[PDB]
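Notes follow the structure.
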Amino acid sequence: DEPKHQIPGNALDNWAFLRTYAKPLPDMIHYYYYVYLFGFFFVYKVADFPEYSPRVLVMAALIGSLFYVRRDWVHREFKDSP
Amino acid sequence: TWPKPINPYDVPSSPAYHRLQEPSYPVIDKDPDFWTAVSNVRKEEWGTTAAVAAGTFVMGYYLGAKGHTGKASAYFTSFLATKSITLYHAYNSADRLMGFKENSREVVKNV
Amino acid sequence: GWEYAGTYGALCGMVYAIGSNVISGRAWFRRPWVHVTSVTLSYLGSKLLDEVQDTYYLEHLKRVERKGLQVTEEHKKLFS
Amino acid sequence: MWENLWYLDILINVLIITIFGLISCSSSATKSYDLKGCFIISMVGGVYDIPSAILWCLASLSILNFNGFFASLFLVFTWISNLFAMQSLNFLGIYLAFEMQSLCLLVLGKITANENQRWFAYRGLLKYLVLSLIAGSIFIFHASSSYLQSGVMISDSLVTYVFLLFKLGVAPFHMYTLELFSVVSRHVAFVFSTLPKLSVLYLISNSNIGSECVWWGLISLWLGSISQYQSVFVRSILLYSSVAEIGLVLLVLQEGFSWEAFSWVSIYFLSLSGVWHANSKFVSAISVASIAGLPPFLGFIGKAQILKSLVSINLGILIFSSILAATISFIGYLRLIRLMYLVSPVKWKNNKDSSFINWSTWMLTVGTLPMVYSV
Amino acid sequence: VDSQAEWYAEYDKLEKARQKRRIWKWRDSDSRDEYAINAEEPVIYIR
Amino acid sequence: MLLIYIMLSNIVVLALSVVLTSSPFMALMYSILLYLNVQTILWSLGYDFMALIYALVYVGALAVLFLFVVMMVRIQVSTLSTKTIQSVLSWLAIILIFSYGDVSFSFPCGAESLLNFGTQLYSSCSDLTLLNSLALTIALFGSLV
Amino acid sequence: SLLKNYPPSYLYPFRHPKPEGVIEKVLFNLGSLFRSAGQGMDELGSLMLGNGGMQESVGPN
Amino acid sequence: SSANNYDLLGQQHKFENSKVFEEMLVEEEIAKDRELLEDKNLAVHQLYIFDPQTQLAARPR
Amino acid sequence: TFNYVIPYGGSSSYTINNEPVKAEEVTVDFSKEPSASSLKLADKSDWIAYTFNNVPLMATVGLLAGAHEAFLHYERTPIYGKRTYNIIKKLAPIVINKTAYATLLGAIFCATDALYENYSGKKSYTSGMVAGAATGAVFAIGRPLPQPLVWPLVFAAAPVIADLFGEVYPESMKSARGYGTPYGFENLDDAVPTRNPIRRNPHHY
Ligand SMILES: CCCCCCCCCCCCCCCCCC(=O)OC[C@H](COP(=O)([O-])OCC(O)COP(=O)([O-])OC[C@@H](COC(=O)CCCCCCCCCCCCCCCCC)OC(=O)CCCCCCCCCCCCCCCCC)OC(=O)CCCCCCCCCCCCCCCCC
Ligand SMILES: CCCCCCCCCCCCCCCCCC(=O)OC[C@H](COP(=O)([O-])OCC(O)COP(=O)([O-])OC[C@@H](COC(=O)CCCCCCCCCCCCCCCCC)OC(=O)CCCCCCCCCCCCCCCCC)OC(=O)CCCCCCCCCCCCCCCCC
Ligand SMILES: CCCCCCCCCCCCCCCCCC(=O)OC[C@H](COP(=O)([O-])OCC(O)COP(=O)([O-])OC[C@@H](COC(=O)CCCCCCCCCCCCCCCCC)OC(=O)CCCCCCCCCCCCCCCCC)OC(=O)CCCCCCCCCCCCCCCCC
Ligand SMILES: CCCCCCCCCCCCCCCCCC(=O)O[C@@H](COC(=O)CCCCCCCCCCCCCCC)COP(=O)(O)OCC[N+](C)(C)C
Ligand SMILES: CCCCCCCCCCCCCCCCCC(=O)O[C@@H](COC(=O)CCCCCCCCCCCCCCC)COP(=O)(O)OCC[N+](C)(C)C
Ligand SMILES: CCCCCCCCCCCCCCCCCC(=O)O[C@@H](COC(=O)CCCCCCCCCCCCCCC)COP(=O)(O)OCC[N+](C)(C)C
Ligand SMILES: CCCCCCCCCCCCCCCCCCCC(=O)O[C@H](COC(=O)CCCCCCCCCCCCCC)COP(=O)(O)OCCN
């Protein structure tokens, strides 16, 4: 026997939490189609955007990084309800 | 305006590819034929053609033998390589006749 | 260009023969014919590479002179 | 008529080899080495410059590992499309060459899948097709508007830049590569993640197709690096590495550094060959190290050319991003090294078909000192 | 062992390499379309 | 002028019908009617052979291929009708947004000639005709296997 | 079998039939030269290898 | 059961060992071509269907 | 120096100056100058004007994030099953709230930056630090313990990173050329160019 790290939580509760990821999985093509379409239009529009200060650009990148939600996060928490 | 009349039999046409260059050297033949170009190919080029043909015969036989068809591969490879090198040599000789490339030997040999 | 291209190439051919033997689990001395072939081919390839590099160095010197870089005789000496 | 002959020779050569292979089709020679050699000789008739000679080298190396007459013919078709892409002078040449290459990818992917692998391969091919159709349709619609407004078809436009961005697979147009290349054969993924790039880089450099915007390469560099670090599967690590690098290369190529991108593509090809055609742990380790950019291998020279180009343009944000993203990528490559020699006993199939793999590993090790002049 | 000669030879070799590098680093655009920057270059286009 | 306008306006209704219908067989039928309307638009711009080409390649051959595939893969897609009023107006809004205020140019009429088109295709523009033939060969070889 | 045109090399891999072509005859004679030179070199190497010379023979049944 | 099993084993081993060299080589080529022909997208597969035990063309496809 | 007796490096005279010598006889510039739009947006004189000019960027980023999350929710919902609830009513708050929060944070950052620069009267790193700190304070209003310290730091650091590598870096390394003779050392005998290399034409996309 050897010293081991203590695992927070009960075994069945952790397994139940892990089981909330086992949900119908959409195909990634649906997301990709929209991202490709809007991305092409976005690239066309970007050429006409006004020149922004580097500081403003960096701040916008920070805000976007903070506000980005990982696909797994929505997947785990999605509920088909009002 | 008025439509220009067109002669169906003589409609202006041109080849797809054009070399944009004025002849630096004298023009022995403005429009050489295939046979004229072949007749002007240098002896060294013909030696290169024969060396390539022999080498490709040997390589073709070697590769063909692994598939039990050595003779057929050797002849096909020889023919294919000889044809491609000969077309390259004829293109070079035609360019020399047209004056695009150096033609010192060519002008002397056929005045 | 490089004055040690021939030696380097021969040693690299040795590197090829030994490495190929070692990767396949054979000892370095196995397949002696491979060693001579590799050494000769690598030596020739290294030499050829050096001429190619020199040729493109001279082409570049010609181009820069045409553009207007006032290269001196010593600079024209740097590119063999 | 003589200029036309140069182009005509390639067609005559391809047709005669095609009909010879069809006539001489037998079980006795499933691996038509003779035809492979004829195809290689034929592709020497299209070498006109150094980039064409690199296209020939890469196509020949790719042809060596394809099995059967059919696959090699479709690689020759890919080579013809790539050669025509470099020479394209207007919208029609670009569209025609790239869509022919897309067709060759669809066929090569389809004909290298087993019956048990059809469910995932055909899905990935279909997703690639539909995304390609979106890209091509938006390209041709904008090209039509540009042709109407200007009266002429000029390859210096935003429309072509965005299209070639899709073809390179930078910014948000990299998902087709991930979906398709994950489900296809290792050789097909390797040859179509390297060879196509050279043609696009040549087109961009020669036709002045550059933009002032650095967002797309910055995005590709960061997304690729972070996604490489978070990816469990090893195919995704390799696929995202190409996204990150081609993003950085795109940034370098916009600023006029053509020589460095043409040297990078060749080193990247040689580095990727051994990791993708995995047979030996050592070859794969040396490949991963070269992709990573470790100094004893040729991969260091390739990365060095790009980094050296970056310091000349003197853009601070790019340099900072590059350093951090490279570190993140390095963690993924360390993961790959850990998986092979530090996790569990590894047993791989004895696929003893290392055509150019030993040569590539040798060229990676040995090539650093000869090519030191560049950097 | 003439140390002075060796030092001067090594310095000269490094200086020549630096000069050759700087000459090499002078590179105009090689684009086929960019005829203006490369007007003096002798090129033939088959198109 | 009324006929040209009607054809131009109709092409939109015939394109909307394809996406809205829930039956794959019916969508092809609407696409066939769209292709014919495109032939009639081409007739108003002065092209006769080009409009013939569209009908031959698409109506004559491509539609047959689509029907063959649809019959072989036949699925039950009459599950439910989801054409809520909210969805249709949102779609028509997206369409209107995209198709608004673009640069417009006066309608042209241009007489075309096959003699010139054939001459150019087989002389000055021979490079395109052969690359297209190679593309067809690539498709033939890949589809048949 | 369906086909009777199979290459002789395919049908008899262990020993090819007697050479009939000029090229095949030349290859045969070259092979004879290579075999004899190789046996000579083998014997020379066996001398350097010393007592026994790493010789091998068929074993009795 | 042990005796009967070893009798069957003996029969199998006798069968494998008794084949002559020419047959063993031919079988090695059969096995190699079985490995090469595992890919079903080859052009030759479209032409003919091969016999499983000996990879010889059996019928046209 | 590579010795242990004297200090390494060197000393340059402050009294003696070297007259500037042009890199080349004729200078052709392929780098375009800043646009009038860039200068207009960069003008921080009037805080309200500055804020309203620069918020479009934050609004766009918020809209992209909200569209992403809304799509993720929409994709999962099943078309085949009829849903009692209205999907748009569920999805519209996501997008609206994300856009509003992003715009509010960017407004705070731009306002504080302009107000500090006006009050101080000087363009300085501190203005970015105080704008970032205020934005991070607003972000962490109700968050647990570590976040109040971490967000004001990360947000304050971001304008520092932007200033160092977007403004100071290029101006600091403007002189370096790479061709001809090293910037400082023109006495050395290196090939002298008639014209500067033009590696690319001025961009237009
Ligand atoms: C209606 C359709 C719906 C789509 C809506 C719009 C459609 C697209 C239209 C136009 C699209 C073009 C532009 C959109 C963004 C470009 C990305 C893209 O399109 O790729 C395709 C992408 C999917 O591609 P994929 O390959 O399949 O997915 C790969 C991922 O692994 C996906 O797997 P994953 O999601 O599970 O994993 C996510 C992973 C993926 O990683 C990334 O997202 C990498 C991106 C990082 C930065 C990107 C470059 C930034 C440069 C921007 C350039 C402009 C500014 C210029 C100067 C800025 C200098 C940096 O990141 C994370 O783990 C989450 C963290 C988020 C960022 C991580 C960085 C955190 C730093 C903050 C520090 C604070 C922490 C301190 C405390 C920590 C305590 C220790 O599609 C999208 O995501 C589009 C959604 C649009 C939302 C973007 C939000 C803001 C957009 C602009 C802000 C720029 C930052 C980017 C943030 C996130 C972007 C992903
Ligand atoms: C560096 C910086 C980087 C910059 C640029 C880098 C450059 C980039 C590119 C550079 C590339 C370098 C890396 C790639 C290396 C290439 C790969 C490679 O090494 O070979 C692969 C390849 C791999 O062989 P493998 O691993 O056994 O697998 C093949 C299988 O057997 C498969 O079997 P198979 O069915 O395919 O069989 C076909 C093939 C493969 O078959 C074989 O390999 C079986 C073995 C061949 C017979 C043994 C060779 C006989 C003499 C070799 C000398 C060894 C000396 C060592 C011991 C001394 C003995 C006294 O048969 C051949 O050998 C074809 C060649 C014809 C020659 C055969 C011998 C002719 C009689 C001898 C000629 C003259 C005798 C003079 C002196 C004789 C004694 C010294 O090796 C060869 O094919 C050998 C090629 C030639 C054999 C040696 C001929 C040398 C001439 C005799 C020495 C006289 C001095 C030489 C100078 C003058 C020449 C006449
Ligand atoms: C023997 C003499 C060789 C010495 C010099 C070679 C030149 C004469 C060619 C003579 C042939 C020898 C081949 C060597 C070079 C290949 C080049 C070439 O051939 O064309 C160039 C030559 C003229 O082009 P050019 O000299 O490049 O100059 C044009 C402008 O300057 C514009 O072109 P540019 O791009 O060179 O412009 C200058 C460039 C500056 O560019 C350079 O500095 C180039 C640097 C040289 C690097 C060499 C490596 C390239 C890899 C290709 C390997 C060669 C494959 C051979 C393919 C052809 C085989 C014959 O500046 C740039 O910034 C552009 C970027 C260039 C790319 C960046 C360079 C990096 C490359 C990747 C390196 C990365 C390392 C990876 C691994 C390294 C490990 C050590 O074309 C010809 O003379 C006619 C072509 C005829 C070829 C085949 C025709 C004969 C047979 C006809 C029928 C065939 C069918 C029958 C088959 C017969 C056999 C069975
Ligand atoms: C040395 C000068 C002359 C050499 C004689 C060759 C001249 C013949 C004309 C060219 C024919 C091809 C040259 C042979 C090279 C490769 C041939 C080959 O593949 O060898 C064997 C098998 O493959 C090998 O063994 C590999 C050998 C590699 C090459 C070794 C030979 C080295 C010298 C030959 C070529 C040198 C130059 C040729 C002339 C320039 C072929 O097998 P099969 O198709 O079954 O033919 C055998 C005939 N029969 C069984 C019926 C008796
Ligand atoms: C200055 C050089 C440095 C710059 C680098 C670029 C320039 C390249 C210079 C050298 C190129 C060398 C390329 C090395 C290729 C390695 C050879 C090879 O791949 O052979 C294959 C060939 O495989 C084939 O498919 C053969 C088909 C064609 C054979 C060769 C075609 C020859 C055509 C003519 C080429 C001449 C060039 C034409 C004019 C230039 C054999 O391997 P396998 O049998 O499939 O498996 C090996 C198994 N194991 C190692 C584990 C034992
Ligand atoms: C990778 C390329 C893809 C795209 C390639 C596009 C570029 C190739 C386009 C050309 C396709 C082939 C068309 C012929 C090519 C060269 C032209 C030619 O040789 O025809 C001769 C015709 O000249 C001849 O020599 C007649 C005999 C020709 C015999 C065969 C040569 C051409 C063979 C073409 C191969 C097709 C045959 C079947 C394909 C296997 C020149 O035409 P004219 O000069 O106008 O006619 C002669 C009149 N006069 C000389 C008096 C001015
Ligand atoms: C990688 C750099 C990122 C900074 C890392 C610091 C640790 C992160 C913690 C977050 C804290 C926010 C960032 C603060 C760092 C700035 C240093 C504060 C010094 C300071 O306040 O002086 C300012 C100038 O310093 C400056 O703004 C310029 C100093 C440059 C920052 C330090 C550069 C080296 C740090 C790298 C250390 C290790 C790297 C690993 C991260 C004012 O100047 P003023 O002109 O306004 O005068 C006033 C007239 N009103």
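Ordering of the structure tokens sets the chain letters (A, B, ...); residue numbers start at 1 within each chain; ligands are numbered from 1 in the order shown.
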- Task: Find the spatial neighbours of residue 38 of chain B, counting only C-alpha atoms, within a cut-off of 9 Å - ignore same-chain residues fewer than 2 positions away - and output them as an MDAnalysis selection string.
- Result: chainID B and resid 33:36 40:41 86:87 89:91 93:94
Prev. selection, N, CA and C atoms, output as an mmCIF file, in the first residue's frame:
data_model
loop_
_atom_site.group_PDB
_atom_site.id
_atom_site.type_symbol
_atom_site.label_atom_id
_atom_site.label_comp_id
_atom_site.auth_asym_id
_atom_site.auth_seq_id
_atom_site.Cartn_x
_atom_site.Cartn_y
_atom_site.Cartn_z
ATOM 1 N N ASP B 33 9.023 23.836 -89.229
ATOM 2 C CA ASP B 33 8.162 22.670 -89.136
ATOM 3 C C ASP B 33 8.795 21.680 -88.162
ATOM 4 N N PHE B 34 8.103 20.571 -87.890
ATOM 5 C CA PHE B 34 8.683 19.573 -86.996
ATOM 6 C C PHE B 34 9.946 18.976 -87.599
ATOM 7 N N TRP B 35 9.903 18.645 -88.890
ATOM 8 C CA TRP B 35 11.043 18.018 -89.551
ATOM 9 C C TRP B 35 12.232 18.965 -89.632
ATOM 10 N N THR B 36 11.980 20.251 -89.888
ATOM 11 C CA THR B 36 13.070 21.221 -89.903
ATOM 12 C C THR B 36 13.747 21.298 -88.540
ATOM 13 N N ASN B 40 17.758 19.937 -87.357
ATOM 14 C CA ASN B 40 18.717 20.897 -86.834
ATOM 15 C C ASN B 40 19.200 20.521 -85.442
ATOM 16 N N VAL B 41 18.735 19.391 -84.909
ATOM 17 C CA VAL B 41 19.133 18.949 -83.580
ATOM 18 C C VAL B 41 20.614 18.594 -83.591
ATOM 19 N N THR B 86 13.187 13.793 -77.154
ATOM 20 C CA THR B 86 13.262 14.239 -78.537
ATOM 21 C C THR B 86 12.401 15.474 -78.738
ATOM 22 N N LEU B 87 11.212 15.499 -78.131
ATOM 23 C CA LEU B 87 10.366 16.680 -78.242
ATOM 24 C C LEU B 87 11.036 17.880 -77.586
ATOM 25 N N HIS B 89 14.310 18.381 -77.327
ATOM 26 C CA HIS B 89 15.396 18.787 -78.216
ATOM 27 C C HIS B 89 14.861 19.519 -79.440
ATOM 28 N N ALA B 90 13.715 19.078 -79.961
ATOM 29 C CA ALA B 90 13.128 19.734 -81.122
ATOM 30 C C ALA B 90 12.595 21.109 -80.749
ATOM 31 N N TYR B 91 12.047 21.251 -79.539
ATOM 32 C CA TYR B 91 11.595 22.563 -79.096
ATOM 33 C C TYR B 91 12.781 23.511 -78.989
ATOM 34 N N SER B 93 15.619 23.337 -80.629
ATOM 35 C CA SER B 93 16.171 23.636 -81.944
ATOM 36 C C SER B 93 15.260 24.598 -82.695
ATOM 37 N N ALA B 94 13.943 24.453 -82.522
ATOM 38 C CA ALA B 94 13.011 25.381 -83.147
ATOM 39 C C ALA B 94 13.195 26.781 -82.581
#
- Message: Which of segment 128-299 of chain D end up as helix (DSSP H, G or I) when DSSP is run on this backbone - answer as a VMD selection string?
- Response: chain D and resid 128 to 150 158 to 168 175 to 183 186 to 191 195 to 206 215 to 230 234 to 254 258 to 276 281 to 292 298 to 299
Taking only C-alpha atoms and all ligand atoms into account, list the residues no farther than 6 Å from ligand 3, as an mmCIF file with N, CA and C atoms, in the first residue's frame.
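Saved to out28.cif:
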data_model
loop_
_atom_site.group_PDB
_atom_site.id
_atom_site.type_symbol
_atom_site.label_atom_id
_atom_site.label_comp_id
_atom_site.auth_asym_id
_atom_site.auth_seq_id
_atom_site.Cartn_x
_atom_site.Cartn_y
_atom_site.Cartn_z
ATOM 1 N N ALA B 81 10.547 7.757 -72.863
ATOM 2 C CA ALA B 81 11.614 8.686 -72.511
ATOM 3 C C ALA B 81 12.253 9.262 -73.763
ATOM 4 N N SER B 84 9.922 11.930 -75.158
ATOM 5 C CA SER B 84 9.887 13.183 -74.409
ATOM 6 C C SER B 84 11.173 13.983 -74.606
ATOM 7 N N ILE B 85 12.327 13.310 -74.558
ATOM 8 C CA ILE B 85 13.593 14.010 -74.750
ATOM 9 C C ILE B 85 13.697 14.544 -76.174
ATOM 10 N N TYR B 88 11.711 17.664 -76.451
ATOM 11 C CA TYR B 88 12.432 18.762 -75.807
ATOM 12 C C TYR B 88 13.552 19.289 -76.703
ATOM 13 N N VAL C 52 25.328 24.097 -56.782
ATOM 14 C CA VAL C 52 24.026 24.739 -56.956
ATOM 15 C C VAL C 52 23.955 26.009 -56.113
ATOM 16 N N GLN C 53 24.385 25.922 -54.852
ATOM 17 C CA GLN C 53 24.349 27.094 -53.983
ATOM 18 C C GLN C 53 25.223 28.204 -54.556
ATOM 19 N N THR C 55 26.009 28.713 -57.686
ATOM 20 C CA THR C 55 25.401 29.233 -58.904
ATOM 21 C C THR C 55 24.319 30.241 -58.551
ATOM 22 N N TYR C 56 23.510 29.929 -57.537
ATOM 23 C CA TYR C 56 22.427 30.846 -57.207
ATOM 24 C C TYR C 56 22.976 32.066 -56.479
ATOM 25 N N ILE D 41 9.112 9.809 -64.669
ATOM 26 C CA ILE D 41 9.816 10.360 -65.825
ATOM 27 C C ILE D 41 8.945 11.394 -66.526
ATOM 28 N N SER D 42 7.643 11.119 -66.623
ATOM 29 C CA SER D 42 6.723 12.036 -67.287
ATOM 30 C C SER D 42 6.665 13.371 -66.565
ATOM 31 N N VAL D 44 8.901 14.943 -65.138
ATOM 32 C CA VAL D 44 10.108 15.742 -65.313
ATOM 33 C C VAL D 44 9.951 16.714 -66.477
ATOM 34 N N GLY D 45 8.994 16.464 -67.370
ATOM 35 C CA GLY D 45 8.724 17.344 -68.490
ATOM 36 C C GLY D 45 7.997 18.620 -68.139
ATOM 37 N N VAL D 47 9.020 20.429 -65.270
ATOM 38 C CA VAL D 47 9.915 21.205 -64.420
ATOM 39 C C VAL D 47 10.501 22.350 -65.234
ATOM 40 N N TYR D 48 10.213 23.582 -64.812
ATOM 41 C CA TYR D 48 10.701 24.779 -65.480
ATOM 42 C C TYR D 48 11.538 25.678 -64.583
ATOM 43 N N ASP D 49 11.370 25.600 -63.265
ATOM 44 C CA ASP D 49 12.052 26.472 -62.316
ATOM 45 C C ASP D 49 12.382 25.643 -61.077
ATOM 46 N N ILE D 50 12.807 26.312 -60.010
ATOM 47 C CA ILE D 50 13.058 25.637 -58.737
ATOM 48 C C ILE D 50 11.754 25.226 -58.057
ATOM 49 N N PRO D 51 10.732 26.090 -57.963
ATOM 50 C CA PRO D 51 9.465 25.630 -57.370
ATOM 51 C C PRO D 51 8.849 24.454 -58.105
ATOM 52 N N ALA D 53 10.585 22.212 -59.561
ATOM 53 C CA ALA D 53 11.416 21.058 -59.243
ATOM 54 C C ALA D 53 11.090 20.536 -57.852
ATOM 55 N N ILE D 54 10.649 21.423 -56.958
ATOM 56 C CA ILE D 54 10.218 20.978 -55.639
ATOM 57 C C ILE D 54 8.877 20.272 -55.764
ATOM 58 N N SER D 258 9.076 35.022 -49.825
ATOM 59 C CA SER D 258 8.775 33.835 -50.625
ATOM 60 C C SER D 258 9.811 32.730 -50.440
ATOM 61 N N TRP D 259 11.101 33.080 -50.447
ATOM 62 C CA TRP D 259 12.161 32.076 -50.350
ATOM 63 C C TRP D 259 12.026 31.251 -49.075
ATOM 64 N N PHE D 262 9.183 28.695 -49.269
ATOM 65 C CA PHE D 262 9.434 27.580 -50.166
ATOM 66 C C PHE D 262 10.433 26.630 -49.530
ATOM 67 N N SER D 263 11.307 27.150 -48.663
ATOM 68 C CA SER D 263 12.250 26.278 -47.972
ATOM 69 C C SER D 263 11.550 25.580 -46.810
ATOM 70 N N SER D 266 9.420 22.506 -47.878
ATOM 71 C CA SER D 266 10.225 21.322 -48.161
ATOM 72 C C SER D 266 10.684 20.666 -46.869
ATOM 73 N N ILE D 267 11.094 21.482 -45.894
ATOM 74 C CA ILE D 267 11.531 20.886 -44.641
ATOM 75 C C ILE D 267 10.336 20.263 -43.936
ATOM 76 N N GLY D 367 20.847 17.171 -43.045
ATOM 77 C CA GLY D 367 20.644 18.400 -43.800
ATOM 78 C C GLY D 367 20.866 19.699 -43.053
ATOM 79 N N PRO D 370 24.479 21.500 -44.116
ATOM 80 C CA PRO D 370 24.503 22.115 -45.456
ATOM 81 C C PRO D 370 23.621 23.341 -45.613
ATOM 82 N N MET D 371 22.451 23.365 -44.985
ATOM 83 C CA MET D 371 21.490 24.443 -45.171
ATOM 84 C C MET D 371 21.648 25.545 -44.136
#
- Query: Which neighbours of residue 3 of chain C fall inside 10 Å, counting only C-alpha atoms, when residues of the same chain fewer than 4 positions from it are skipped, and could you give them as a PyMOL selection string?
  - Reply: chain C and resi 7-8+47+50
- Message: What residues of the protein or nucleic acid chains come within 6 Å of ligand 5 when you use only C-alpha atoms and all ligand atoms? Reply as a PyMOL selection string.
- Response: (chain C and resi 45+49) or (chain D and resi 33+36-37+40-41+64+352-356+359)
- Item | Exercise answer, 7 Å around ligand 7 with only C-alpha atoms and all ligand atoms, as a ChimeraX atom specification | /I:122,124-127,129,153-154,156-157,160-161
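Atom CA of residue 230 of chain D lies 8.3 Å from atom CA of residue 332 of chain D.
For residue 104 of chain F, the non-local neighbours within 10 Å, defined as residues at least 3 positions apart in the same chain or in other chains and counting only C-alpha atoms, are residues 149 of chain D; 101 and 107 of chain F.
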Output N, CA and C atoms for every residue in the selection just made, as a PDB file, in the first residue's frame.
ATOM      1  N   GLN D 149     -17.880  44.622 -62.247  1.00  0.00           N
ATOM      2  CA  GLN D 149     -17.529  45.990 -61.876  1.00  0.00           C
ATOM      3  C   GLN D 149     -16.287  46.483 -62.613  1.00  0.00           C
TER       4      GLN D 149
ATOM      5  N   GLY F 101     -29.640  46.441 -51.629  1.00  0.00           N
ATOM      6  CA  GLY F 101     -28.726  47.543 -51.867  1.00  0.00           C
ATOM      7  C   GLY F 101     -27.402  47.203 -52.509  1.00  0.00           C
ATOM      8  N   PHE F 107     -29.701  46.580 -67.548  1.00  0.00           N
ATOM      9  CA  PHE F 107     -29.862  45.277 -68.187  1.00  0.00           C
ATOM     10  C   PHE F 107     -29.254  45.304 -69.586  1.00  0.00           C
TER      11      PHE F 107
END
- Message: Could you list, as a count of residues only, all protein and nucleic acid residues with an atom at most 9 Å from ligand 2, counting only C-alpha atoms and all ligand atoms?
- Response: 52
- Message: Residues contacting ligand 6 - anything with an atom at most 10 Å away, using only C-alpha atoms and all ligand atoms - can you give me those as JSON, numbers by chain?
- Response: {"B": [13, 14, 15, 16, 17, 31, 32, 33, 34, 35], "D": [1, 2, 3, 4, 5, 6, 7, 8, 9, 10, 11, 12, 13, 14, 15, 16, 45, 46, 80, 81, 83, 84], "F": [122, 123, 124, 125, 126, 127, 128, 129, 130, 131, 132, 133, 134]}
- Task: Dump the neighbourhood of ligand 4 as JSON, numbers by chain: all residues within 10 Å, distances computed on only C-alpha atoms and all ligand atoms.
- Result: {"B": [51, 54, 55, 56, 57, 58, 59, 60, 61, 62, 63, 64, 65, 66, 67, 68, 69, 70, 71, 74], "G": [8, 9, 10, 13, 15, 16, 17, 18, 19, 20, 21, 22, 23, 24, 25, 26, 27, 28, 29, 30, 31, 34]}
- Nearby residues (only C-alpha atoms) at most 8 Å from segment 15-26 of chain H, same-chain spacing under 3 positions excluded, as a PyMOL selection string: (chain G and resi 13-14) or (chain H and resi 11-12+29-30)
Atoms kept (C-alpha atoms) for selection, written as a PDB file, in the first residue's frame:
ATOM      1  CA  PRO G  13       8.645 -18.820 -59.330  1.00  0.00           C
ATOM      2  CA  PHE G  14      11.092 -21.404 -57.971  1.00  0.00           C
TER       3      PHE G  14
ATOM      4  CA  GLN H  11      -1.657 -35.497 -38.975  1.00  0.00           C
ATOM      5  CA  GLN H  12      -1.628 -31.704 -39.373  1.00  0.00           C
ATOM      6  CA  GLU H  29       3.810 -16.505 -53.087  1.00  0.00           C
ATOM      7  CA  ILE H  30       0.120 -17.348 -52.625  1.00  0.00           C
TER       8      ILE H  30
END
- Spatial neighbours of residue 115 of chain F, 9 Å, only C-alpha atoms, chain gap at least 5 places, as a PyMOL selection string: (chain B and resi 8+11) or (chain F and resi 120)
Grab the residues selected above and save them as a PDB file, in the first residue's frame with N, CA, C and O atoms.
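See again-v5.pdb below for the written result:
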ATOM      1  N   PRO B   8     -17.023  33.242 -92.452  1.00  0.00           N
ATOM      2  CA  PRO B   8     -16.951  32.009 -91.649  1.00  0.00           C
ATOM      3  C   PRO B   8     -15.715  31.177 -91.934  1.00  0.00           C
ATOM      4  O   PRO B   8     -15.103  30.630 -91.008  1.00  0.00           O
ATOM      5  N   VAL B  11     -11.960  32.978 -90.208  1.00  0.00           N
ATOM      6  CA  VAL B  11     -12.174  33.652 -88.930  1.00  0.00           C
ATOM      7  C   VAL B  11     -10.826  33.732 -88.222  1.00  0.00           C
ATOM      8  O   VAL B  11     -10.133  32.709 -88.131  1.00  0.00           O
TER       9      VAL B  11
ATOM     10  N   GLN F 120     -12.741  30.316 -80.430  1.00  0.00           N
ATOM     11  CA  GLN F 120     -11.960  30.620 -79.238  1.00  0.00           C
ATOM     12  C   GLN F 120     -11.718  29.363 -78.410  1.00  0.00           C
ATOM     13  O   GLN F 120     -10.613  29.160 -77.896  1.00  0.00           O
TER      14      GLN F 120
END
